[PDB]
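The chain below stands alone and is given in structure tokens; this is the form deposited in one PDB entry.
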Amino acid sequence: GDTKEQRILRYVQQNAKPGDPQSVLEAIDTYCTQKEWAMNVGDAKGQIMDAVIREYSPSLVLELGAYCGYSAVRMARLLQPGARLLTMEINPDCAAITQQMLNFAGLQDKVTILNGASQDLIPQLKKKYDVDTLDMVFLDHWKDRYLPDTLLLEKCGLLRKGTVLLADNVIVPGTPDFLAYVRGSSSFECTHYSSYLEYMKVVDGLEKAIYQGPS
């Protein structure tokens, strides 16, 4: 059977307008709605991401986690000429799909896709990919890695004063260590944008509990 990401890409290729990032994003949205698949990042979170990018005009963005490439298209389409997105993806098939999604969108020249784990690639950014400091980091990979990778980014000298970290899913499934750390630290000035997450077609459950009397 075809992967979830392959099917999304195929719908884009058959329905979106080539070279039109907005058309690509709408076709992903339309397909996920039709299939009743929950979106990793939809338009609600996407509008928050757009607003941050437009406010800070980052020239170099690091993205942790690519999925089918929706978020990469969402951010890359707003980058100025000369600006650059680096996307880390641990799954080689998602990395290939993201590359092909960006190609269809006409955004291939703005994005470099790195296949591997964040903690293996981050220490290579300076020498292997000629990075000085990052202007913005979008964290959307394994939730238990947000704080370690933030500390790793700091230890590697990849953060400058004014680097924007934008972290998805900090409430659900949640990154409570990351939040407590950056909010408590004087090294980070923190703003939280409330939104929503959707679940579709998941196992749930009920509990019956019969009180036995005080014990």
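Basically, rigid core = biggest C-alpha set you can superpose within 1.5 Å across the two forms. Shifts are known only where both forms have a C-alpha. We number the residues from 1 along the sequence you see.
Notebook entry, point to check: Which has higher Cα B-factors on average according to the PDB entry: 32-40 or 163-171?
Noted result: 32-40 has the higher mean C-alpha B-factor.
Notebook entry, point to check: Looking only at CA atoms, which has the higher mean B factor in the entry: 51-59 or 172-180?
Noted result: The entry gives the higher C-alpha B-factor average to 51-59.
Note to self: What third of the chain does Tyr129 rank in for C-alpha temperature factor, lowest, middle or highest?
What the structure shows: CA B-factor rank for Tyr129: highest third.
Next item on the list: Tell me, lowest, middle or highest third: where does the Cα B factor of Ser195 rank within its chain?
Entry: Middle third by C-alpha B-factor.
Notebook entry, point to check: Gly46: which third of its chain by C-alpha temperature factor?
Noted result: According to the entry, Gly46 has a C-alpha B-factor in the chain's lowest third.
Item checked: Among modelled residues of the same chain, the CA temperature factor third for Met75 -> Tercile = lowest for this residue's CA B-factor.
Next item on the list: Name the third of the chain's ranked CA B-factors that contains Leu64, choosing lowest, middle or highest.
Entry: Lowest third of the chain for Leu64's C-alpha B-factor.
Same protein, other form: the form deposited in another entry, not shown, and the subject of what follows.
Notebook entry, point to check: Which of the listed residues (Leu60, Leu159, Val52, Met39) moves its Cα by 2 Å or more between the shown form and the other one when the core is kept in place?
Noted result: The one that moves 2 Å or more is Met39.
Item checked: Rigid core superposed: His192 CA moves 2 Å or more between the shown form and the other one -> Comparing the forms between the shown form and the other one, which are aligned on their rigid core, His192 does not shift its C-alpha by 2 Å or more.
Notebook entry, point to check: Is the CA-CA spacing of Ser194 and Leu206 tighter or wider in the other form than here, given a 3 Å or more change?
Noted result: Pair moves closer in the other form.
Margin query: For a quick check of understanding: after superposing on the core, name the runs of at least three residues, shared by both forms, whose CA atoms each shift 2 angstroms or more between the shown form and the other one.
Written below: Residues 38-40, 198-214 form the shifted runs.
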